[PDB]
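Peer 1: Before I ask anything, here is the structure I am working with.
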There are 4 protein chains.
Amino acid sequence: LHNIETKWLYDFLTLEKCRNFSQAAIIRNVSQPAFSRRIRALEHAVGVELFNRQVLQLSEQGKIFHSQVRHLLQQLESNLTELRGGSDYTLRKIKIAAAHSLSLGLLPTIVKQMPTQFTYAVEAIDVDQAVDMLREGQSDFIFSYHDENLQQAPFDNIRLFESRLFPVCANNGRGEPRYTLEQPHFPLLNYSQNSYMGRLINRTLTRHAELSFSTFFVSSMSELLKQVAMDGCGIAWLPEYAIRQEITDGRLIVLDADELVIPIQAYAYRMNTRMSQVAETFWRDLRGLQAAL
Amino acid sequence: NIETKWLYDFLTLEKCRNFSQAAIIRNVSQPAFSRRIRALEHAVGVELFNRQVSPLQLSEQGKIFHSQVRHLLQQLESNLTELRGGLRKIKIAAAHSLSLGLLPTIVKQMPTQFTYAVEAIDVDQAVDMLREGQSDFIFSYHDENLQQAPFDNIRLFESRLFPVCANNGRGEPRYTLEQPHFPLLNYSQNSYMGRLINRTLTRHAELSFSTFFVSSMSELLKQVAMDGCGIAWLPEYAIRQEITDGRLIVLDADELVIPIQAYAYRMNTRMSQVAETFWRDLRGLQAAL
Amino acid sequence: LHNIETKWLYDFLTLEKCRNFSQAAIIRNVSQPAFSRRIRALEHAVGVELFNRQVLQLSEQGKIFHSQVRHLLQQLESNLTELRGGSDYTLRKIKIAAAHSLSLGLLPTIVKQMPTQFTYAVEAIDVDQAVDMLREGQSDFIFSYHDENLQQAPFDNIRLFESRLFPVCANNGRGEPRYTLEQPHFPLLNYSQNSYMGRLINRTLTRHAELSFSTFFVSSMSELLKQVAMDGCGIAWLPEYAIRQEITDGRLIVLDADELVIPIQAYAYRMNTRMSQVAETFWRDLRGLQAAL
Amino acid sequence: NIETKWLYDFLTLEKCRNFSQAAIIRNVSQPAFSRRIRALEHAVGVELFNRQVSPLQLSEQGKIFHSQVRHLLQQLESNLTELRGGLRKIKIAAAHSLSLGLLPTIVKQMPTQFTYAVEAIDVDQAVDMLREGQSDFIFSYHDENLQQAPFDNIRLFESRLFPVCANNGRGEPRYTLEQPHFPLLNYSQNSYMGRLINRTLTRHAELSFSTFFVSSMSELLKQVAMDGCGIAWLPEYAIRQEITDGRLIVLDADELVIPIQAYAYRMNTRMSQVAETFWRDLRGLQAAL
C-alpha cells in the first residue's frame, strides 16, 4: 500500500522550479517545517529519495518522477473535468467530421438551428479520409460534398444545400475587376491539393486551354483564400455563401457566369445500420433542418 | 504498360454504361475502344468485367479499380495544374487563428515574390509535421521542446485567453460564469489550448458547467460561441473586433485569463536559400508586427 | 485531354539518375532518337519543359514532377497488386488486432487451425487502444487479455486459453538458477509499461516488499525478453507457452510456485452487433477452435 | 484535493459492492470509509453514486471515473516500480527482425552497464518516433531522409529478401512461384518492406497469386510462413537457420531477390553523455558485427 497525496505533488513541482525549501514553501503559503514534512512523506511514500538535499536538485530517480508527476496531474486535471464538465450528457456526443472547406461554414449553422438536448464533438478532416471514418466509426456522421463512392448502397444520406464556385477577385477601385481571366499567368489562388474544391478547380482550369496561370497562393482554408483574394492579391474560385456579402456591396466581382462556374453539392452521410437512439433522433432532426439550408 | 487514355477509356465506361456509347462519348470507333480497353486488361492482368454477360456490371475486380482509377487520375489531373503554376513554394503549416491574423499582415510586409503554401492545420498536427518534416516554417503556439536544440524560435507576440459569449440584443451576455451549469465550449485534451483550459477549469471550483460543444479547431469555437451557443476561452487577437462592438462580452478578466505566447519554428537545418531569406525577414516583422 | 504514357515515366526516372540521354537510353534498351522522342512527348504532354537541355538537369517544374512521378508509380504498383493479389477474396479480410504480448504467439496458432477460405489483415497494438478499436471498427476482432471494461454487456467474447507467469532466469551451469529472488537489486527484465504483462508484473512486485530490484532491461516483445533472460542477463516473468520447452530441457529454471505467480487470461472480443456474414462465420469457427487452445 | 487511498477506497467499492464490506476489505471502520469516500466526492465535486437508493450501482458520473481510476492508478502503480528500478535508460525503438538479431549480439559487446529500453516497434512507426523524438537510437532499415542533414547513419549490414515457404515432411516446399494463385503473405503498403515487394511483384507478370495473410510485423510473417501458410519475402538474417535445416526453402534466388541495407539513426543532437558513448561504441560493432 501507499499514502501518496496530491498536496505533496503540487509542492514537489513548486520545489523543482525554485530549488529552495523556504523560498518555495512560502509560495505554497505554508510554514517551512510542515512543508519539509510534506516532501519528507513524499520521499517516503514512493520509497525513493527525490531531492538530493545538500548542494539543490533531485537525483536521476527524481527526474523520472518529475515527468511522471507532470503528466499525471495534467491528466488528472484534463480527466477530472471529463466527469465534471459534461456529466452524463456529453458521453453520447454527436461525432461530426466536416471537410476543411465547409467545416466552419455549416457547423455553426447546423448547431445553431438544432435543439439544446445535444452535445457535439466535431473533427476537421480531408475528403479522402471521409469514406474511412464512417465505416470505422471515428465520426458518427459527416458533412462533406459529392462522392458516388459512399453515395451508393452502403450509406444513408441527406443533401443539405447547393452552391456554385465563382472566379472572384478584388476591384481595382472603380467597380471593374483588378484582374482579368484573359491575361496570361494571372495570380491564381487555389485550395489545397487535398480539398474537394481543389479537384474541381483543376478540372475546370484544365478544361479551358486559354487560361495560363501561376499558382501564387494555396490554402486549405476557404476563409484565408477569401481574405487573400478580396485584399488584392489574386483570383480564386470561392463558394457563393462566403462571398455573397462581399459581392452585394462590391468588394468582390465575379469574373464569369457560364462555362467556368463549378457547382458544389454538399451531403450529410451516414451508414444504413441503425445507430444509437440519440443519433437516430439527430438524423431525424437533420431532415427538418434541410429546408432551412 | 498503362497509359492515361486507357484509364479514361475505362473510367468513362461506367460514367455512361456502354462500349459503343463510351466510344461515342470518347471520340473513337468500336474497334479502337475495345482494343484500348483490352490493352488495359492485358497490362493490369485483371478481368474487371464479365465479358458480354449482361447489361454490363464489372466484377469485384473492377469496383476496386474504378474506386481508385479516380484516386490515381485525381492525383495526375491535379498536379499537371501545379506543374504549370510557376517560383519556389514556402511550406507553411499554422493554426487557424495564427493563419488569419499573422499571415495577412505578413504577406504584405514580406518581400514581393514568395509563393506561400499555407496549410492551416490544427496545432496538435501542425506541430507533428514540423517535427517530422514536410513543412518549412510553422506558426504555432508555445512548445518547450521546440524552444531548444534543433529548433529555432521567434518571440512573435503574446496574448490572453478570455471566457466570452455573445449577448442577446441590446444588453449583456446570455450566460455568465456564476450561472449554474452553463453550456461549455472547450477544446479537446489533445490540443495545446485544451490543456491550458482543462488545467485552469480544475483549480476553480465555483465553475459549474456542462460540456456542450467540444472541438479542436480554434476558429470553430469562435464562430459557434459568436452566436451564443456557449461559453468559451478564445484568444484576444482573433476576437478583439467582437469585444469592441459588443458581439462578444468578456465575462471574467481576472483569474481565468490564461497567458499564451505564440512563436514561429524551423528545423535549424539550412537547405533552402529562399526559406533562409524568409526566416531572416520574419525577424524584421517581430519588432513591429 | 492528355496523352501521358507509363513508358515515358520510367524513362524520365531513368534519365534523372544518369542525367544523359544516350547513356540512359541504353539502360532502357531503346535507341537514342526514339528515346528522345519519348521525353519529347512527355515534355509536351504535361505542357511544361521537364529537362533543361543545355548544361544536364531538370528545372524547378521538373523537380516537382519528379516527386510526383515517384509516388504515382509507387502507388500505381502498390495499388496494381491490390486487385491482382487478393482478387475478390481478400477484400473481406478478417481485421485482427493482437496485443504485442500474444500477437506472435496465438495468431500463427489461430491462422493455422482455421479453414483456407479466409484472408487475414493483422494489426499489432497495445492494450490501451484495445477498447477503442472495436467500437471504432479499425479491427473486426481482437485477441487480448482480461479487461472487465469490454468484458461487460457492450461486447461478445470467447475465452481461448489460460496461462501463468513464472519468474524465470538462466541456469548457472549446474542445474540451479543463476540468480535468486532473495538477493537485493537483482537484474530485473520487465515488459514495457504499456503492455498487459507490465501491469501485472508491477502489481505482484509491489505486493512483496522483500523484493528490491533494478530495472536492467525493458522490452515489449516477449520474444526478446525470453531471449535476454535465458542467455544469462537477468530475471523475468514469462508466459508458460514461451518457456514450456526451455524448462523441459533445463535452459530456464522457475524461481517460484506460490505467491509470485501471476495467471493470465486471454479473450477474443467482439461487439454484440451482428457483423458481416463472413465474420460471423469466423466467430462461429473461432468457438470450435477454443478447445484446441 | 485527492489522495491515492481515496481512489483505492473508491476503486475497491465496486471490486466488492458494499460500504461496510469494502471497509472490512480495506481495514477501516464505517465512519472512516464514509468520510474517506465523501472527502473524494467533495474534492472531485461529482456525485458518482445514488446515495442509499438501492443495492448500489453508481450513476453515469461514476462509470467514467471507475473506468479511469484504473487508468490513473495503473500509471502510478507502474511508475513507482520504475522509480525503484535504478542508471540512465537508453531509448531504443527498432523493428522486430532488427531487435532479435542485432541487439542480442549488441548487448554482449557494448560496455558493461547500459540499461536498454528496447521498444520493438514496426518500422512505419519506429521511424515516426525518431523523427519526432521520444527515442534515442533506432535500428531501422534504409531511409534517405535520415541519411541526410539532421540525421546520422551507421552502415550496419546488408541483406536480401527471399520468397520462402516451409516444405511438408521429407521433401521440397508445398507452394512454388510457378504454381497458379499461391497463397501470398505480404507486408502492407505503408511499411518499407511492403513497398519493396509491391514494386517487385508488379514487374513480374508470371507471378499469379491471391493475397492471404497481410500484416506489417516482420516476425509475424516469418512464423506464419514457417508452417506453410503461404509464400512470403523474408530477410535472410532472421530465417537463415530455417534455410539450413530445410524448414524454409528458398523458392527463387535470382530476380525476385530484393536488396536491403539496415542502418542506425540518431538526431545529430548531442544532449546526453551516456548516449554519445553508446553511439560511438555502436560504430565499433560495425567493423565486426
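Here the Cβ positions follow ideal geometry from the backbone for every residue, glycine too, while neighbour counts run over all protein chains shown. Each reported figure results from applying straightforward, stated rules to the coordinates on display, with no laboratory input.
Peer 1: Using only the Cα atoms of the range C:198-257, build the gyration tensor, take square roots of its eigenvalues as a ≥ b ≥ c, and label the shape rounded, prolate or oblate: rounded if a/c is under 1.5, else prolate if a/b is larger than b/c, else oblate.
Peer 2: prolate
Peer 1: If you don't mind, there's one more thing I want to ask. Net charge near C:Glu5: determine it from the other residues with C-beta under 15 Å of the C-beta of C:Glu5, scoring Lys and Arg +1 and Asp and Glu -1.
Peer 2: The answer is +3.
Peer 1: Using a cut-off of 15 Å between beta-carbons, work out the net charge of the residues near A:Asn79 (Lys and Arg +1, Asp and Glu -1, A:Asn79 not included).
Peer 2: +4
Peer 1: A further question on this structure: Using a cut-off of 25 Å between alpha-carbon atoms, which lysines can reach D:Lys5, once sequence neighbours fewer than 8 places away in the same chain are excluded?
Peer 2: Result set, ordered by chain and number: A:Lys7, A:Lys63, D:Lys15, D:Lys63.
Peer 1: Å³ per residue of the Cα convex hull, for chain A?
Peer 2: It is 241 Å³ per residue.
Peer 1: Another one. So what are the three principal axis dimensions of the range A:25-122 from its Cα atoms, in whole Å, longest to shortest?
Peer 2: Projected onto the principal axes, the Cα atoms of the range A:25-122 cover 64, 26, 24 Å.
Peer 1: Near C:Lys112, which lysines are there with a Cα under 22 Å away, not counting those fewer than 8 places off in the same chain?
Peer 2: Cα-Cα hits under 22 Å: C:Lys93, C:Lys95, D:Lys222.
Peer 1: Work out from phi, with θ = phi - 60° and the Karplus expression 6.51 cos²θ - 1.76 cosθ + 1.60, the ³J(HN,Hα) of each residue of the range D:210-215, listed in order in whole Hz, and give x for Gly and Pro.
Peer 2: 10, 5, 10, 10, 9, 7
Peer 1: Please report, for the Cα atoms of the protein assembly as shown, the Rg to one decimal and the Dmax as a whole number; what are they, in angstrom?
Peer 2: That works out to 31.8, 99 Å for Rg and Dmax.
Peer 1: Antiparallel DSSP bridges in the range A:88-292: what percent, to the nearest 5?
Peer 2: 60 percent
Peer 1: Going Cα to Cα from D:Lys108, which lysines come in below 19 Å? Please leave out same-chain ones fewer than 8 positions away.
Peer 2: C:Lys226, D:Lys89, D:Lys91
Peer 1: Provide, for q = 0.20 Å⁻¹, the log10 of I(q)/I(0) from a solvent-free Debye sum over equal Cα point scatterers in the range A:182-293.
Peer 2: Debye output, listed in q order: -1.10.
Peer 1: Moving on to the next point. Antiparallel DSSP bridges in chain B: what percent, to the nearest 5?
Peer 2: So the antiparallel bridges in chain B amount to around 55 percent.
Peer 1: Please figure out what share of the DSSP beta bridges in the protein assembly as shown is antiparallel and state it in percent, rounded to the nearest 5.
Peer 2: Of all bridge pairs located within the protein assembly as shown, approximately 55 percent are antiparallel.
Peer 1: Restricted to Cα positions, what overall size does the range B:199-289 have along the principal axes? Three whole-Å values, descending.
Peer 2: Result for the range B:199-289: principal-axis Cα extents of 53, 31, 24 Å.
Peer 1: Under unit Cβ charges (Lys, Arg +1; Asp, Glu -1), what dipole magnitude, rounded to 20 debye, does chain C have relative to its Cα centre?
Peer 2: 1240 debye
Peer 1: Okay, next question. Using 7 Å Cα-to-Cβ label points, what is the C:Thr6/B:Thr269 separation (nm, one decimal)?
Peer 2: 3.3 nm
Peer 1: Still on this model: Hey, can you rank B:109-115, B:124-130 by average C-beta count inside 10 Å, highest first?
Peer 2: B:124-130, B:109-115
Peer 1: Within the set of other residues whose C-beta is less than 12 Å from the C-beta of B:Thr176, count the net charge using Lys and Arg as +1 and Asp and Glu as -1.
Peer 2: Around B:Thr176, the surrounding residues sum to -3.
Peer 1: Quick one: pull the percentage of alpha-carbon pairs in chain B with a separation above 32 Å.
Peer 2: 50 percent
Peer 1: Note the direction-averaged projected area, equal to a quarter of the hull surface, for the Cα convex hull of the range B:124-180, in nm².
Peer 2: Projected area, direction-averaged: 7.1 nm².
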